[PDB]
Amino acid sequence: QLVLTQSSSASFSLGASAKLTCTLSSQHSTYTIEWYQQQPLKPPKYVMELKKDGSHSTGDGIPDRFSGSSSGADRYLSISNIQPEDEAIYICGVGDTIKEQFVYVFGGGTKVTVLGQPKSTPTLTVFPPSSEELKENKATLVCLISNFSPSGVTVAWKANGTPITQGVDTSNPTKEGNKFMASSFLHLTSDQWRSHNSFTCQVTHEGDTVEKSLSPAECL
């Protein structure tokens, strides 16, 4: 019966004001909730306790730009001057005694995207299949994506300029110094590699696109 419904995953410009909604099941309109922040590949962090009257207490190392407020069953997390570090999934939780046992329940989470961050455009390195792998009747094309920030990219492989979706494994982005890196692998037969004019690794980042193509053909 104890239910937390979260505001649709939302995007905000850097420096703008964000307001997230956590909605309690109506009979639990009076309840105190907690907000959590989970940044990529890190444990959740306690943001604040937020009561029915909109009074709140923030956790260790939570800047003053996070505040909370309430209206009926609605619990709001407000972020003024939203920063890149504020990009995360924000999760609400609520505790109660139901059938004489303690229960804690989480909201499904709201993914918060911060638009207009300082941009470093990805570098691509693309490698053809090795002679050695081709001799095994197999062909892995490799696309190495580096020097980009923020971390959000997509990867598309093309064959003669058209989509190739099967046999692709693409990594999550990970930190490399103050930027990110990712990799993508396209698995073909040696026959698929020889039988096409070109293949393309196409990476989207912050509204930009970078592509790098390679050809099996001789350089004559």
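Each residue number is its position in the shown sequence, starting from 1.
Chemist: Taking only the CA atoms, which stretch has the higher mean B-factor in the record, 176 to 184 or 55 to 63?
Modeler: Higher of the two, by average CA B-factor, is 55 to 63.
Chemist: Do the CA atoms of 141 to 149 or those of 111 to 119 have the higher mean B-factor in the entry?
Modeler: Per the PDB entry, the higher value belongs to 111 to 119.
Chemist: Between 154, 32, 171, 39, which one tops the list for Cα B-factor in this entry?
Modeler: Checking the PDB record, the top C-alpha B-factor among 154, 32, 171, 39 is at 39.
Chemist: Using the B-factor values recorded in the entry, state whether the Cα atom of residue 194 falls in the lowest, middle or highest third among the modelled residues of its chain.
Modeler: According to the entry, residue 194 has a C-alpha B-factor in the chain's highest third.
Chemist: Once the chain's modelled residues are ordered by C-alpha B factor and cut into thirds, is residue 77 in the lowest, middle or highest one?
Modeler: For residue 77, the deposited C-alpha B-factor lands in the middle third.
Chemist: Hey, what third does residue 97 fall into on Cα B-factor, ranked over its chain?
Modeler: It belongs to the middle third of the chain when residues are ordered by C-alpha B-factor.
Chemist: Would you mind ranking residue 213 by its C-alpha B-factor against the rest of the chain and naming the third, lowest, middle or highest?
Modeler: Bottom third by C-alpha B-factor.
Chemist: Grab the CA temperature factor for residue 203 from the record and place it in the lowest, middle or highest third of its chain.
Modeler: For residue 203, whose C-alpha B-factor we compare with every modelled residue in the chain, the answer is the lowest third.
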